Amino acid sequence: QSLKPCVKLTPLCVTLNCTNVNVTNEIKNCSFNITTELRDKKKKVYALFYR
Amino acid sequence: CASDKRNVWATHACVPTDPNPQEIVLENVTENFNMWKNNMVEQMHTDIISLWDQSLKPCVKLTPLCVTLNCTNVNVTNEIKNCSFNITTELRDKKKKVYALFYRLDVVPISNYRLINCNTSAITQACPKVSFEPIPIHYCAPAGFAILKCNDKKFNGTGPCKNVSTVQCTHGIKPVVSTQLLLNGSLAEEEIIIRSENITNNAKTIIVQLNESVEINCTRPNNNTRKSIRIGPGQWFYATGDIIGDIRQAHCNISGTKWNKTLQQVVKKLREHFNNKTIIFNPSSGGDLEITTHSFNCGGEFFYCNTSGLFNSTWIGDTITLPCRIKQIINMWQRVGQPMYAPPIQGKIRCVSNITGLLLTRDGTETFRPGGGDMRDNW
Amino acid sequence: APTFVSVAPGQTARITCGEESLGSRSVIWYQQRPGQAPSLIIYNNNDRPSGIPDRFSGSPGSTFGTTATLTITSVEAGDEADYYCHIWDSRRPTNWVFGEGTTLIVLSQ
Amino acid sequence: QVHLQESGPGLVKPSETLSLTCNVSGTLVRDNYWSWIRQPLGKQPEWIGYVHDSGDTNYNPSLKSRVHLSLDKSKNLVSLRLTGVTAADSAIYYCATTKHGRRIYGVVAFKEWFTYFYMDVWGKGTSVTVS
Ligand SMILES: *[C@@H]1O[C@H](CO)[C@@H](O[C@@H]2O[C@H](CO)[C@@H](O[C@@H]3O[C@H](CO[C@H]4O[C@H](CO[C@H]5O[C@H](CO)[C@@H](O)[C@H](O)[C@@H]5O)[C@@H](O)[C@H](O[C@H]5O[C@H](CO)[C@@H](O)[C@H](O)[C@@H]5O)[C@@H]4O)[C@@H](O)[C@H](O[C@H]4O[C@H](CO)[C@@H](O)[C@H](O)[C@@H]4O[C@H]4O[C@H](CO)[C@@H](O)[C@H](O)[C@@H]4O[C@H]4O[C@H](CO)[C@@H](O)[C@H](O)[C@@H]4O)[C@@H]3O)[C@H](O)[C@H]2NC(C)=O)[C@H](O)[C@H]1NC(C)=O
Ligand SMILES: *[C@@H]1O[C@H](CO)[C@@H](O[C@@H]2O[C@H](CO)[C@@H](O[C@@H]3O[C@H](CO[C@H]4O[C@H](CO)[C@@H](O)[C@H](O)[C@@H]4O)[C@@H](O)[C@H](O[C@H]4O[C@H](CO)[C@@H](O)[C@H](O)[C@@H]4O[C@H]4O[C@H](CO)[C@@H](O)[C@H](O)[C@@H]4O)[C@@H]3O)[C@H](O)[C@H]2NC(C)=O)[C@H](O)[C@H]1NC(C)=O
Ligand SMILES: *[C@@H]1O[C@H](CO)[C@@H](O[C@@H]2O[C@H](CO)[C@@H](O[C@@H]3O[C@H](CO[C@H]4O[C@H](CO)[C@@H](O)[C@H](O)[C@@H]4O)[C@@H](O)[C@H](O[C@H]4O[C@H](CO)[C@@H](O)[C@H](O[C@H]5O[C@H](CO)[C@@H](O)[C@H](O)[C@@H]5O)[C@@H]4O)[C@@H]3O)[C@H](O)[C@H]2NC(C)=O)[C@H](O)[C@H]1NC(C)=O
Ligand SMILES: *[C@@H]1O[C@H](CO)[C@@H](O[C@@H]2O[C@H](CO)[C@@H](O)[C@H](O)[C@H]2NC(C)=O)[C@H](O)[C@H]1NC(C)=O
Ligand SMILES: *[C@@H]1O[C@H](CO)[C@@H](O[C@@H]2O[C@H](CO)[C@@H](O)[C@H](O)[C@H]2NC(C)=O)[C@H](O)[C@H]1NC(C)=O
Ligand SMILES: *[C@@H]1O[C@H](CO)[C@@H](O[C@@H]2O[C@H](CO)[C@@H](O)[C@H](O)[C@H]2NC(C)=O)[C@H](O)[C@H]1NC(C)=O
Ligand SMILES: *[C@@H]1O[C@H](CO)[C@@H](O[C@@H]2O[C@H](CO)[C@@H](O)[C@H](O)[C@H]2NC(C)=O)[C@H](O)[C@H]1NC(C)=O
Ligand SMILES: *[C@@H]1O[C@H](CO)[C@@H](O[C@@H]2O[C@H](CO)[C@@H](O)[C@H](O)[C@H]2NC(C)=O)[C@H](O)[C@H]1NC(C)=O
Ligand SMILES: *[C@@H]1O[C@H](CO)[C@@H](O[C@@H]2O[C@H](CO)[C@@H](O)[C@H](O)[C@H]2NC(C)=O)[C@H](O)[C@H]1NC(C)=O
Ligand SMILES: *[C@@H]1O[C@H](CO)[C@@H](O[C@@H]2O[C@H](CO)[C@@H](O)[C@H](O)[C@H]2NC(C)=O)[C@H](O)[C@H]1NC(C)=O
Ligand SMILES: *[C@@H]1O[C@H](CO)[C@@H](O[C@@H]2O[C@H](CO)[C@@H](O)[C@H](O)[C@H]2NC(C)=O)[C@H](O)[C@H]1NC(C)=O
Ligand SMILES: *[C@@H]1O[C@H](CO)[C@@H](O[C@@H]2O[C@H](CO)[C@@H](O)[C@H](O)[C@H]2NC(C)=O)[C@H](O)[C@H]1NC(C)=O
Ligand SMILES: *[C@@H]1O[C@H](CO)[C@@H](O[C@@H]2O[C@H](CO)[C@@H](O)[C@H](O)[C@H]2NC(C)=O)[C@H](O)[C@H]1NC(C)=O
Ligand SMILES: *[C@@H]1O[C@H](CO)[C@@H](O)[C@H](O)[C@H]1NC(C)=O
Ligand SMILES: *[C@@H]1O[C@H](CO)[C@@H](O)[C@H](O)[C@H]1NC(C)=O
Ligand SMILES: *[C@@H]1O[C@H](CO)[C@@H](O)[C@H](O)[C@H]1NC(C)=O
Ligand SMILES: *[C@@H]1O[C@H](CO)[C@@H](O)[C@H](O)[C@H]1NC(C)=O
Ligand SMILES: *[C@@H]1O[C@H](CO)[C@@H](O)[C@H](O)[C@H]1NC(C)=O
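Residue numbers (the deposited numbering), protein chains in the order written: chain C, 114 to 138, 153 to 178; chain B, 54 to 57, 65 to 138, 153 to 184, 189 to 309, 312 to 321, 321A, 322 to 359, 361 to 397, 412 to 458, 465 to 479; chain M, 6 to 9, 11 to 67, 67A to 67C, 68 to 95, 95A to 95C, 96 to 109; chain N, 1 to 82, 82A to 82C, 83 to 100, 100A to 100R, 101 to 110.
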């Protein structure tokens, strides 16, 4: 019940471009495209994810 | 409830009325009433919100319209923007360019504009077959309980009532929504009654009930047409089409003489709580359109009217015309994040309402201003 | 530039002007005899100035979606002139030019 | 009866200044709106602008930078000045009085109305050629 009233991440099921360039000398630095509040626009964003 | 298509407040979630309601006078009964501690108010407020929300569930969301709009004024005037944009069709692989007129108040600049709520929430359009005309709702007691009614003619908000009758239930109450003036309510029987929780505070509102109504004539003079746009598989959007004839401003008409008599009487009775000080009235001091103007639903359109032409006077020991604005995207009961889109209504709109009361507040000569957006005060 | 129409003497002429009205209008009609400065026939849709006879009248400006019309009944030889039209419209910018007129040809000279 | 008698150079050269005069008789220039109309041959007329006292003067936007209008109250003349004349300016020019009135369609308090103008008294005009 507690998880019903909130955001689904189905819009994030896109291909990610992931590297380790600035992380270590386990965690990946991934870039990907997302939607914005405007349906005709997309932008590239970055996030870290655990392997 | 007890009450008696598809009206927004006719969900049939509750029973029909008693064709012959009963009332029993209780001789020799004194009862202490307090309208400010009355939990029937909270009950009504909650039920109204629920009926509203239930009624808006089964219909089209406008999230597919959150696109950039290209808006101009090329064929409108020598407040309304002519916007073009792309939409989906029932075929997911196709898009088409469409045109619609929008009111300036519903559109915010960022390929120039966006709808006002696209970065905060989903806009749901009103279900097109559902009217917003108030239906009287009676509130009736369950087994084991009783509702007592006060019959003292000069009773204000609190204190002992010397004439108490028991009823099966209340009279029907119309869920009229308004922000500065009260419309279509009950009238006082003998005199204007000023009710407040604390007349000497500034933190409390004052409800003034009139014993005589004042008519207000409101109109939307533009001959707007309706255009139906297909967004998807049975998903229709209703856009304002073109406008036939002149572009004119919406307005309301109040008789000058009745308004002045009404104020003389309101002031006369206000001087009974206040010392013999100069009393002045001013326009609402600030906030957004919902609070600074008098809003109402007239035939399905949402009007906001400028009342500075009424609350502008000083009291010591013709026709008034109020200009108005129209909006299609609204957020009722201060619920942020839950906008609704009112589809345009085809043809001209006119309605006549009864001003039956006022909502006033005080500034920290005494100053009074219209106001109070908290719906519990209307109920 | 002008539209050409013709009538027999005694017939009614129908002269049109401009595009469809958008809002309330005030149409002004003028007449030009070849070789002469033009003069006013109708102002404010149907108010003729002194000196203009009842045979000249026009369409109302109260309607929408139609063009201006000038009606001349009982057309005579003295009505052979170009008719010009200047239209004011509440939803349009001021027209600084006249629209193309109509030449009224009176037959059987 | 108002008579408007026009005069001017007749022939001007390209890039020159065209200055026409309307000699007003039967009325004083200060009590009327004045306007100028020009009619290229074979074309319907064009309204240049109008002039009056109290600053109530306006111009055809295409000529606004080129045309200057004024009223000489000492001479009872209406002046029309057009600069940078070209081939397109050859036209018959006319002096006319202007009357005005108002069309009201909505609420006057909200200014739902407009001023309109019409030309009742016309002069004979003058023919102007630009070399
Ligand atoms: C809240 O309260 C407010 C305020 O009280 C209300 O606001 C009112 O709203 C109404 C409409 O909603 C407005 O009505 C319009 O008024 C204008 C103005 O009319 C006035 O002036 C006329 C003459 O003025 C001119 O001539 C005089 C002469 O000396 C000159 O001095 C002056 O400077 C000027 O040059 C008067 O004749 C007229 O009186 C007549 O009408 C009265 C109406 O009630 C009537 O009571 C009188 O007895 C008398 O009959 C008045 O004083 C009107 O012009 C306008 O009507 C025309 O325009 C509309 C819009 O398109 C159109 O639908 C009408 O059919 C009409 O159009 C005809 O006339 C045009 C003239 O320009 C012409 O161009 C058209 O082609 C057409 O003519 C054809 O038909 C006529 C029919 O007779 C025919 O004779 C012609 O030959 C031809 O065939 C409206 O009446 C109010 O003005 C406005 N009040 C204010 C103060 O703004 C508000 O509505 C209320 N709100 C609510 C919710 O209730
Ligand atoms: C489409 O929209 C445009 C833009 O608004 C509009 O054009 C405007 O038209 C009005 C009315 O013709 C013009 O207003 C007149 O302006 C003159 C002076 O203007 C000066 O100041 C302005 C300021 O912007 C300048 O732009 C301009 O260049 C000038 O410097 C005023 O003197 C006029 O006032 C008289 O007429 C009024 C009625 O229209 C009266 O209410 C007023 O009391 C005055 O009349 C009285 O005095 C007169 C003289 O004694 C007398 O003869 C009268 O009988 C009466 O007693 C007026 O304010 C406005 O400037 C135009 N704007 C532009 C940018 O050109 C179009 O007309 C409109 N078209 C349609 C179809 O709606
Ligand atoms: C305070 O109390 C006041 C008095 O009760 C209220 O004023 C009243 O408000 C109501 C609701 O706005 C007004 O009722 C509307 O009146 C419209 C005018 O119609 C006129 O002409 C009709 C011609 O046949 C005639 O039958 C009417 O009797 C009247 O003379 C009506 O059109 C409107 O109808 C609505 O409901 C119908 C129910 O079946 C529906 O069929 C109508 O459909 C039409 O419109 C839709 C719009 O999309 C079209 O799609 C349809 O094809 C069709 O064209 C329509 O939905 C309704 O009856 C009432 O007139 C008014 N009284 C006065 C004196 O004006 C105040 O509003 C209250 N105050 C507040 C704040 O609420
Ligand atoms: C928004 O619509 C306007 C419509 O006016 C476009 O602007 C120009 O409109 C004229 C109208 O005749 C066209 O001839 C021009 O070609 C249009 N401009 C261009 C660059 O095509 C305006 O461009 C539109 N904006 C968008 C984002 O489409
Ligand atoms: C969604 O966009 C609107 C419009 O840009 C934002 O509203 C503005 O918010 C700022 C915050 O200071 C105000 O100053 C502006 O006056 C607001 N504009 C309007 C038109 O009201 C809104 O805050 C944005 N919402 C989110 C969640 O970012
Ligand atoms: C006390 O209140 C009762 C109502 O509860 C009043 O009784 C009503 O009086 C009117 C007078 O016209 C009748 O029409 C109603 O039918 C009566 N109602 C009932 C339920 O009987 C009574 O008059 C009030 N008494 C006083 C002293 O105010
Ligand atoms: C607005 O107030 C008027 C006057 O109080 C109401 O009209 C009358 O109300 C009485 C109530 O007993 C009826 O008996 C009359 O027959 C009504 N008049 C007419 C002409 O029918 C009016 O109904 C009120 N309007 C609203 C919306 O409540
Ligand atoms: C409503 O009427 C009641 C009854 O008169 C008022 O209550 C009295 O208020 C005074 C204020 O000093 C007290 O001293 C009395 O003891 C109160 N009476 C009772 C029975 O409690 C009440 O203040 C009035 N309210 C308004 C806004 O008029
Ligand atoms: C009604 O409002 C008055 C005025 O604000 C209240 O009186 C004040 O009460 C506070 C409480 O300590 C005092 O400090 C102030 O000095 C009082 N002001 C005056 C003018 O007496 C009053 O208490 C309120 N009554 C209720 C029931 O809330
Ligand atoms: C608003 O405009 C509509 C559209 O013209 C008017 O209703 C009718 O629309 C049909 C569409 O074919 C026309 O054939 C009718 O002639 C129109 N009616 C009339 C009386 O002309 C509608 O009446 C207009 N509303 C108002 C109040 O003028
Ligand atoms: C609001 O509209 C009503 C009618 O719908 C107006 O009432 C009419 O007013 C005229 C004024 O001369 C009277 O002759 C009529 O007999 C009235 N009709 C009715 C049914 O009473 C009312 O005056 C309008 N209010 C305003 C402020 O203009
Ligand atoms: C209601 O209308 C009045 C004017 O009729 C507005 O008051 C004006 O507001 C502007 C805002 O810049 C001021 O510059 C003017 O000086 C004000 N006029 C007066 C007479 O004070 C008022 O703001 C409008 N109110 C609402 C809520 O829209
Ligand atoms: C309340 O009414 C007064 C009197 O009508 C208004 O006073 C006007 O204020 C403006 C401010 O620019 C002056 O230009 C006017 O000349 C004043 N009127 C008079 C008759 O002198 C006052 O503004 C009104 N208040 C509101 C909010 O509209
Ligand atoms: C994001 O979209 C842009 C659009 O050109 C594309 O070039 C880029 O490669 C996309 N990013 C990823 C990680 O796919
Ligand atoms: C709608 O889509 C077309 C596709 O080519 C595009 O050219 C047009 O600019 C879009 N319209 C807007 C207002 O973005
Ligand atoms: C719309 O975009 C054009 C492009 O330059 C800009 O000039 C104009 O000011 C913009 N208008 C708004 C409301 O952003
Ligand atoms: C409303 O109350 C006042 C009190 O002064 C009274 O004079 C007036 O007549 C009453 N109005 C009605 C309709 O009874
Ligand atoms: C209302 O009463 C006041 C009292 O001074 C007066 O000044 C004002 O003109 C009156 N208004 C009307 C509409 O009679």
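Here a beta-carbon is modelled for each residue, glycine too, at the ideal position from N, C-alpha and C.
How about residue i: is its Cβ closer than 6 Å to a heavy atom in ligand 2?
{"i": "residue 54(N)", "result": "yes"}
Determine the chain B residues that contact residue i at a beta-carbon separation under 9 Å, and present them in chain order.
{"i": "residue 30(M)", "result": "324 and 325"}
Would the C-beta of residue i count as close to ligand 6, meaning under 6 Å from any of its heavy atoms?
{"i": "residue 430(B)", "result": "no"}
Helix, strand or coil for residue i? Go by DSSP, reduced to three states.
{"i": "residue 32(N)", "result": "coil"}
{"i": "residue 476(B)", "result": "helix"}
{"i": "residue 282(B)", "result": "coil"}
{"i": "residue 55(B)", "result": "strand"}
{"i": "residue 38(M)", "result": "strand"}
{"i": "residue 273(B)", "result": "strand"}
{"i": "residue 85(M)", "result": "strand"}
Output the distance between the C-alpha atoms of residue i and residue j, rounded to the nearest integer angstrom.
{"i": "residue 19(N)", "j": "residue 80(M)", "result": "38 Å"}
{"i": "residue 115(B)", "j": "residue 433(B)", "result": "14 Å"}
{"i": "residue 108(B)", "j": "residue 74(B)", "result": "13 Å"}
{"i": "residue 101(M)", "j": "residue 37(M)", "result": "9 Å"}
{"i": "residue 62(N)", "j": "residue 48(N)", "result": "9 Å"}
{"i": "residue 104(N)", "j": "residue 93(N)", "result": "9 Å"}
{"i": "residue 158(B)", "j": "residue 175(B)", "result": "9 Å"}
{"i": "residue 31(M)", "j": "residue 92(M)", "result": "5 Å"}
{"i": "residue 212(B)", "j": "residue 112(B)", "result": "12 Å"}
{"i": "residue 128(C)", "j": "residue 183(B)", "result": "33 Å"}
Closer than 8 Å by beta-carbon distance: list the chain B residues that pair up with residue i, in chain order.
{"i": "residue 100C(N)", "result": "299, 325, 327 and 328"}
Report the neighbours of residue i on chain B: residues whose CB is nearer than 7 Å to its CB, in chain order.
{"i": "residue 164(C)", "result": "126, 196 and 197"}
Is residue i near ligand 16, judged by its Cβ being under 6 Å from some heavy atom?
{"i": "residue 133(B)", "result": "no"}
I want to check one thing, is the minimum distance from the CB of residue i to the heavy atoms of ligand 5 below 6 Å?
{"i": "residue 182(B)", "result": "yes"}
{"i": "residue 425(B)", "result": "no"}
What does residue i touch in chain N if you count any residue whose Cβ is under 8 Å from its own?
{"i": "residue 417(B)", "result": "100G"}
{"i": "residue 24(M)", "result": "None at all; the shortest Cβ gap to chain N is about 12 Å."}
Just to check, is the beta-carbon of residue i closer than 6 Å to a non-hydrogen atom of ligand 15?
{"i": "residue 171(B)", "result": "yes"}
Just the chain M side, please: which residues come within less than 7 Å of residue i by C-beta, in chain order?
{"i": "residue 355(B)", "result": "Result: empty, since nearest Cβ-Cβ is about 52 Å, beyond 7 Å."}
{"i": "residue 47(N)", "result": "96 and 97"}
What I want to know is whether the C-beta of residue i ends up closer than 6 Å to one or more non-hydrogen atoms of ligand 8.
{"i": "residue 229(B)", "result": "no"}
For residue i, verify whether its CB is less than 6 Å away from any heavy atom of ligand 11.
{"i": "residue 92(B)", "result": "no"}
{"i": "residue 334(B)", "result": "yes"}
Show which residues of chain C have a CB atom less than 9 Å away from the CB atom of residue i.
{"i": "residue 192(B)", "result": "164 and 165"}
Quick one: which chain M residues come within Cβ less than 8 Å of residue i?
{"i": "residue 64(N)", "result": "Those do not exist, as residue 64(N) stays about 10 Å from chain M at its closest Cβ, beyond 8 Å."}
{"i": "residue 137(B)", "result": "94"}
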